[PDB]
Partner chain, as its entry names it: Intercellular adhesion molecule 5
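A single chain, nothing else alongside it, follows as structure tokens in the form deposited without the partner chain.
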């Protein structure tokens, strides 16, 4: 059917400029690959605060991933992931901003650290949640486990741990092998 996908991307101060850019490039690559399909996209940057960089109605109107992410500015603050998930669930998946009432709701969280806030994400229960944890902060098994609370079940399928930012390329390769005409 229809899929309404939101990229929720980390803009924290731990990210070097080239690392932030690789996150952007990954999102653009996925959008370009899936252009003119059944998929619709929205992108939200999160750090201490949250900002919708473009919503579903923007994507439908302009279509161009490069133009849609052209004026993103790296926030450079903390990682309030609990707050960001709640933000998306109540402020982005809304019919007024172009969300389709009959689409499947998907959230892709891209982060390089553990959350600096706390709370619950009960508001996002109906949303399918993928988490991609990248880098040094996720070496220990204990740090990886913290991400499980954000992801859909089972974690083994919805949590992806990449050791370097270069590995987003490999993830994109993997995704492309699962594309089919149905």
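Numbering follows the first chain given and starts at 1.
- The stretch with the higher mean CA B factor, choosing between 110-118 and 26-34, is 110-118.
- Taking only CA atoms, the mean B-factor in the PDB entry is higher for 91-99 than for the other of 72-80 and 91-99.
- Each of 44, 67, 147, 128 has a CA temperature factor in the record; the biggest one is found at 147.
- Of the candidates 40, 49, 156, 52, the PDB record gives 156 the highest C-alpha temperature factor.
- Remark: residue 138 belongs to the highest third of its chain, ranked by C-alpha B-factor as recorded.
- Looking at the C-alpha B-factors along this chain, the one for residue 9 belongs to the lowest third.
- Among the modelled residues of its chain, residue 62 has a C-alpha B-factor that falls in the highest third, as given in the PDB entry.
This next part talks about the form solved in complex with the partner chain, which is not shown.
- Exactly one listed residue, out of 78, 99, 89, 110, brings a non-hydrogen atom to within 4.5 Å of the partner chain in the entry with it bound: 78.
- Not displayed here, the partner chain is approached by residue 137 to within 4.5 Å at the level of heavy atoms in the entry with it bound.
- A residue is said to contact a partner when one of its heavy atoms sits within 4.5 Å of a partner heavy atom; residue 13 meets this definition for the partner chain in the entry with it bound.
- At a distance threshold of 4.5 angstroms between non-hydrogen atoms, residue 118 is in contact with the partner chain in the entry with it bound.
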